[PDB]
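Written out below as structure tokens is the structure these notes cover.
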Amino acid sequence: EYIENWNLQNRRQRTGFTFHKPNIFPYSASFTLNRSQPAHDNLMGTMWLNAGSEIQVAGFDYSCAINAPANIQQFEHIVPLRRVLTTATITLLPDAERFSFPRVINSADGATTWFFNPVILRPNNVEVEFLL
Amino acid sequence: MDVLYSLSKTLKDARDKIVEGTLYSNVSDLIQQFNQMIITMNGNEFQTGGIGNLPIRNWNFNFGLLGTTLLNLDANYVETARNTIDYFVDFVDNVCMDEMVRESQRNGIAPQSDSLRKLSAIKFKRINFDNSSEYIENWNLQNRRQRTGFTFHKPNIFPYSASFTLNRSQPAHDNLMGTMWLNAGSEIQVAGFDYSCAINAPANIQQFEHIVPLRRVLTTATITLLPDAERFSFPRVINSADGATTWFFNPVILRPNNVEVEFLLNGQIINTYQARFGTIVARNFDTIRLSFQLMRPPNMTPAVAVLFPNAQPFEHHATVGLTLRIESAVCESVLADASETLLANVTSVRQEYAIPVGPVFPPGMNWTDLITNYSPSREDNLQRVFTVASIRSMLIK
Amino acid sequence: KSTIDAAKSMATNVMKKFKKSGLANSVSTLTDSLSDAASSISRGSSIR
Amino acid sequence: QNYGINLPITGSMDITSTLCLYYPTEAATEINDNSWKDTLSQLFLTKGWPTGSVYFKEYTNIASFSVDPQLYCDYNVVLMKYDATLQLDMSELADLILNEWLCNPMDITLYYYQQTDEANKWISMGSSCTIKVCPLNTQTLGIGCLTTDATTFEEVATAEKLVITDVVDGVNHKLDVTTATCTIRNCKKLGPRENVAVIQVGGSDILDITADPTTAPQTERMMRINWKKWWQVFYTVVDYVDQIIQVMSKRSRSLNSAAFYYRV
Amino acid sequence: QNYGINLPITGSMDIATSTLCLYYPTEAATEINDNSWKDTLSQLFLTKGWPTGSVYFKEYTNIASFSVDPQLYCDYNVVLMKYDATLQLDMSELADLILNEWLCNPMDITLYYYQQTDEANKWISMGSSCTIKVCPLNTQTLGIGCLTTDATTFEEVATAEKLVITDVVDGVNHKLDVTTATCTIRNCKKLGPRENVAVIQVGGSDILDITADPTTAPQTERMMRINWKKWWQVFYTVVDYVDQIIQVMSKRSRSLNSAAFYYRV
Amino acid sequence: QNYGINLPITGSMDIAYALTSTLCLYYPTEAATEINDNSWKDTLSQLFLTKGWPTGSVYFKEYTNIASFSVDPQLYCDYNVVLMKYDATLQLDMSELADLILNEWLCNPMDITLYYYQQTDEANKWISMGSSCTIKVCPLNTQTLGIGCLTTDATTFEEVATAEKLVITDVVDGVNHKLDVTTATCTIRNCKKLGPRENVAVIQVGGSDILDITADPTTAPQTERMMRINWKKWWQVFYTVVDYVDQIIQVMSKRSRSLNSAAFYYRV
Ligand SMILES: [Ca+2]
Ligand SMILES: [Ca+2]
Ligand SMILES: [Ca+2]
Ligand SMILES: [Ca+2]
Ligand SMILES: [Ca+2]
Ligand SMILES: [Ca+2]
Ligand SMILES: [Ca+2]
Ligand SMILES: [Ca+2]
Ligand SMILES: [Ca+2]
Ligand SMILES: [Zn+2]
């Protein structure tokens with residue numbers, strides 16, 4: 001495979017390496033808070049782990065969209081890749097098992113710690129877009 | 001199909017072995033095969049495409065035979081071969097795409113494209129070379145009606161289904177009991193829950209069963225069995241059975257009791273494992289039966305006796321679980337799996353060229369629907385398109 | 001049939017209940033739904 | 001419509017009511033307006049309850065209300081006035097009206113009675129319930145009492161309007177209740193009654209609706225509010241009727257599909 | 001929940017603690033004139049196979065008195081009804097009430113006009129003395145053969161009855177005049193049968209019309225009849241053949257509240 | 001520096017990040033009378049210094065009663081701890097005071113002689129404070145006519161407070177009301193509950209936990225800042241407060257509104 005791709009590249013033709021679980025996502029584990037207070041008692045935002053060949057994302061809202069318009073809170077997560085992937089088989093499942101247990105996280109600037117006691121609901125209007 | 005595979009194999013060997021400086025003895029047999037291919041294909045005209053956005057292409061063959069009078073190949077020989085190889089590779093690519101984007105309700109195994117039907121003639125049999133690849137080997141074996149077999153890593157044999165059954169329930173959803181499962185790809189996660197924690201059950205044991213029938217018979221499968229359902233072990237708000245309300249599930253995980261995993265064929269227990277977790281082997285089966293129990297702990301510390309009361313306000317709901325992953329298996333029929341890319345290739349070609357929904361496959365090659373209703377016609381068409389995709393992948397990457 | 005003595009405004013009598021029937025409510029609901037959809041750029045993707 | 005059988009219900013993960021409001025006569029006395037029921041009806045109408053769907057029931061005391069408290073309504077909300085000396089009475093009333101009891105007759109002058117398990121109790125209601133119990137050993141002789149003489153019996157209630165008695169399970173007892181002014185029934189607690197909610201006014205959340213001493217569960221339908229004006233109490237109830245209803249639920253026994261499962 | 005009522009049950013055509021209430025009139029106890037007869041019957045039921053403390057004996061003075069809001073207490077109810085030639089309608093009404101499942105709503109006659117929707121809709125009135133007089137109203141809410149203001153012109157359908165099941169013409173509004181002080185009237189619908197209760201009639205002929213339809217006079221399995229001359233013999237018959245009576249009955253129809261009707265506001 | 005906007009804050013879940021304030025302690029005159037020591041404030045100041053509070057940072061505020069303290073309880077202090085004595089007959093007064101000093105309220109004026117008033121949301125209340133509040137309300141139907149009351153005659157109004165130093169009235173939302181407050185002594189404001197006030201904590205020194213600071217009858221939350229102790233000696237109470245000041249401060253937090261990042265968000 002590798003020598004033939006080498007020769008193809010030198011001949012200036014299309015190459016391709018087939019990967020099983022490609023490590024295309026740089027390791028990242030972080031959260032973004034769209035609504036926040038110093039006390040971290042009422043938060044809305046997302047948390048994510050992009051690792052190897054997996055993306056786990058979880059949008060959380062402490063008020064459960066009580067005051068949101070139409071009682072719906074929208075969450076987005078964009079993962080750009082460093083190289084274009086073709087003919088990819090993907091498994092998409094509706095729960096982020098990594099963000100479904102109580103946690104004590106450290107604040108964005110590291111000053112303090114905040115609590116995350118999740119209760120899992122079904123994700124509504126799930127859209128996954130693959131863009132080139 | 002065999003002739004198309006031979007064309008692809010000959011071109012791959014030509015690209016790999018015909019390199020500058022190589023000894024002619026390293027290529028002589030391949031050169032004989034390549035000249036045979038040129039002689040056979042000369043003077044024939046082919047047409048591909050015309051379905052969806054796939055462009056119409058016309059192919060004409062008039063090529064000179066590659067030389068056979070050198071000791072070591074030089075730049076001249078490689079340059080002369082490369083143009084022929086490029087044209088043939090493009091022809092094979094287009095034939096494969098044109099065959100992949102087609103399907104038929106009746107005789108789905110038969111070639112569907114004009115180019116492949118032409119190649120199925122008897123004049124083209126002179127190019128067969130060697131059918132080494134797994135998919136072409138199984139194609140020939142199935143044509144002879146010998147026994148085929150495809151090895152899959154994490155086979156996709158369970159259509160995605162997340163559901164729950166409530167054996168006990170009430171409008172308030174305070175005292176539920178039942179099971180809750182996800183079957184997806186190669187994994188089964190099943191949790192049996194009881195809000196009362198078997199306080200009133202006979203012998204303080206609640207029984208749970210989960211039956212997953214496979215669409216095809218799997219053989220010599222390595223399974224991984226683990227004693228918890230991580231997916232079903234955190235607080236959830238879940239829509240009711242009829243979708244008219246929501247209920248609350250607040251699990252506390254206990255060890256599943258009297259776990260019994262049966263792999264059954266034609267209703268007969270082929271493999272049975274009791275209280276054994278980790279790597280297990282199922283030699284031949286078509287149904288998986290997981291039986292487990294929630295046993296109320298006979299002895300409890302105060303911190304548990306508090307969790308499990310006698311009255312209705314059950315705040316923590318006892319739950320047991322099981323996870324079962326099919327690491328690797330063998331099937332007589334074709335399937336999607338984690339390692340390979342044939343389904344992705346077929347779906348990619350169809351999406352790229354906007355192939356209209358035909359009468360066999362579900363729209364967009366939805367694997368869930370396909371495996372859910374894996375009819376004989378769908379199996380035939382899917383094997384055909386997967387074999388063509390393998391032939392194509394030999395040259396295109 | 002006969003338009004018995006001093007037949008009233010039958011068309012208006014019919015319409016009085018027609019405009020309250022369930023079909024009228026469904027028409028009003030459809031119109032309100034389309035109006036809200038045209039009004040709610042802000043919601044964006046808040047309709048199933 | 002396959003009534004009487006329990007069939008598993010499978011669900012997929014990837015996808016005209018009447019309200020009764022019970023209040024003590026003290027509330028009406030303080031309100032001192034005879035149009036207050038109509039006023040509250042109109043306020044409920046603003047909250048969405050059509051006129052005539054809200055019924056107002058008046059009881060003189062917890063003692064009087066405890067005598068066979070029938071609650072006929074799709075939703076019931078009882079305003080209970082807290083008194084520090086009536087903690088057990090309030091608890092018994094709440095236990096009787098927040099749970100579903102299946103009661104059988106008791107003929108104390110003809111049979112000895114024992115409680116079969118933790119869900120079994122003896123519920124006595126009447127003008128004056130005075131229950132005395134004599135436990136019997138396996139030979140049908142009193143333990144600490146003499147069956148023939150009722151003075152030696154152990155008294156577990158006195159002039160009680162409502163009493164829930166819980167004797168040791170598995171042992172027969174001879175009862176000496178005042179059947180003239182009391183009726184005692186051998187009852188079993190089936191489960192919660194989602195139809196009814198209790199709002200205590202005053203006090204400090206003192207209600208044990210479980211005979212188990214190890215648990216004093218505080219269900220969502222048990223609420224407590226600090227008060228000084230009954231008008232403010234009623235305004236609070238009207239304004240938060242939505243939350244109260246959401247806390248409550250339709251009566252499972254009332255609903256169809258309860259046929260042949262102790263309906264209503 | 002639904003209990004899966006909306007789901008089918010498939011079966012194969014080849015596969016292979018309760019309590020008993022006995023209602024009796026005071027006449028029976030008077031004739032027996034024994035203080036220990038209830039204990040004797042309990043022991044005989046024990047021999048039959050009923051655990052001691054499972055059989056209860058309820059007494060009523062008369063059919064009319066017992067008709068005032070009857071109470072069904074046990075898992076199985078057996079009512080011994082003595083036949084009187086002048087009480088055929090009363091026996092029929094009591095049997096209908098305690099053998100059929102009724103769903104009753106309140107009626108406020110003093111503020112509304114009422115009508116019976118369907119054949120299952122009757123008006124059940126109970127109390128110390130029910131006296132229902134009716135005035136049918138035409139489409140213009142005016143009395144037919146009666147003056148709505150004046151009740152003396154109304155048509156009398158019950159007189160000092162302890163229990164009445166009134167059946168008026170469906171689809172016709174009626175103004176009702178009843179003695180609400182000594183009687184309550186409810187708009188009831190017959191849901192169906194109640195296999196929890198059985199009636200053994202001691203005395204005369206087979207006279208029990210538990211259907212308002214005049215063309216139908218069903219005699220269900222729970223409507224038994226015997227000829228009697230001694231109440232001891234009657235009770236011996238009941239005790240000896242309890243198994244047959246229980247087989248005819250079915251305890252699943254037992255209600256939670258023991259009232260003869262399901263009340264809805 | 002970008003005040004008034006809400007820019008998302010991004011932080012990492014896998015990074016390790018290896019005194020100046022002022023405390024005010026509010027107590028009733030009963031405490032001082034029982035202690036009966038002139039230098040008790042100085043003694044507590046020295047003990048707080050031992051615990052780590054520089055001298056001059058602990059203020060001791062005295063109120064005569066819960067009723068008197070309820071009249072405009074101004075607490076300007078980085079941390080505030082209010083020791084309130086339980087009384088069986090003042091449960092609603094204690095709850096009102098706790099709600100007022102434990103939640104943030106945005107209040108607008110109310111001229112009841114020009115306007116009818118309706119509460120538009122569950123977080124909107126009418127908070128009235130003063131020497132003597134006597135609130136009498138008349139709900140009005142859509143014709144601006146009283147329901148169960150006469151718009152012209154106040155004596156028919158329905159009374160929801162009588163000589164209350166502090167009261168938080170909650171009427172049925174969405175319906176207009178005509179009020180008859182005794183404005184000669186008491187002032188009423190239309191207030192909205194923004195959220196919790198982290199500056200203040202209340203320690204009930206006495207009976208059971210009866211405070212509920214939510215109008216909603218279905219919930220009676222018991223937050224971190226609502227503490228409760230038993231007592232027989234005010235010296236023991238103050239020793240407990242001093243010894244566990246660290247726990248109290250940890251339960252509390254600096255006032256979010258007064259943080260210099262709340263500029264253009266209803267403070268600074
Ligand atoms: Ca004694
Ligand atoms: Ca009592
Ligand atoms: Ca007991
Ligand atoms: Ca009669
Ligand atoms: Ca007449
Ligand atoms: Ca009729
Ligand atoms: Ca106050
Ligand atoms: Ca008034
Ligand atoms: Ca309000
Ligand atoms: Zn793998």
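A, B, ... follow the sequence lines: proteins, then strands. Residue 1 opens every chain. Reckoned from all heavy atoms, side chains included, excluding hydrogens, waters and symmetry mates. Just follow the structure's listing: the first ligand is 1, and inside any ligand the first atom is 1.
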Salt-bridge present ([X], [Y]; N to O < 4.0 Å):
X: B:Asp337; Y: B:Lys154; result: no
X: D:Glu26; Y: D:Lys81; result: yes
X: B:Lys397; Y: A:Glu1; result: no
X: D:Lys161; Y: D:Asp89; result: no

- Message: Under 6.0 Å between ring centres: does that hold for D:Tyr22 and D:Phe65?
- Response: yes
- What residue among D:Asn104, D:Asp166, D:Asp169, D:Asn186 forms side chain to side chain donor-acceptor pair (under 3.5 Å) with D:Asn120?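 With D:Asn120 as partner, side chain to side chain donor-acceptor pair (under 3.5 Å) holds for just one option, D:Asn186.
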- Item | Distance-only side-chain donor-acceptor flag, F:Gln91 / D:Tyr82, under 3.5 Å | no
- What angle sits at the Zn ion (ligand 10) between NE2 of B:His153 and NE2 of A:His20, to 10°?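 It rounds to 90°.
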- Query: Quick one: does D:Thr215's side chain have a donor or acceptor within less than 3.5 Å of a partner on D:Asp212's backbone?
  - Reply: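 No, D:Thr215 side chain to D:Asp212 backbone: no donor-acceptor pair under 3.5 Å.
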Only N/O/S atoms count here: what is the atom of [X] closest to the Ca ion (ligand 2) called?
X: D:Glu92; value: OE1
X: D:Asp89; value: OD1
X: D:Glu160; value: OE1

- Task: Output, by chain and residue number, all protein N/O/S atoms separated from the Ca ion (ligand 1) by less than 3.0 Å.
- Result: D:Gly144 O, D:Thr152 O, D:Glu154 OE2
- Message: Just checking: D:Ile164, one of its N/O/S atoms, less than 3.0 Å away from the Ca ion (ligand 2), yes or no?
- Response: no
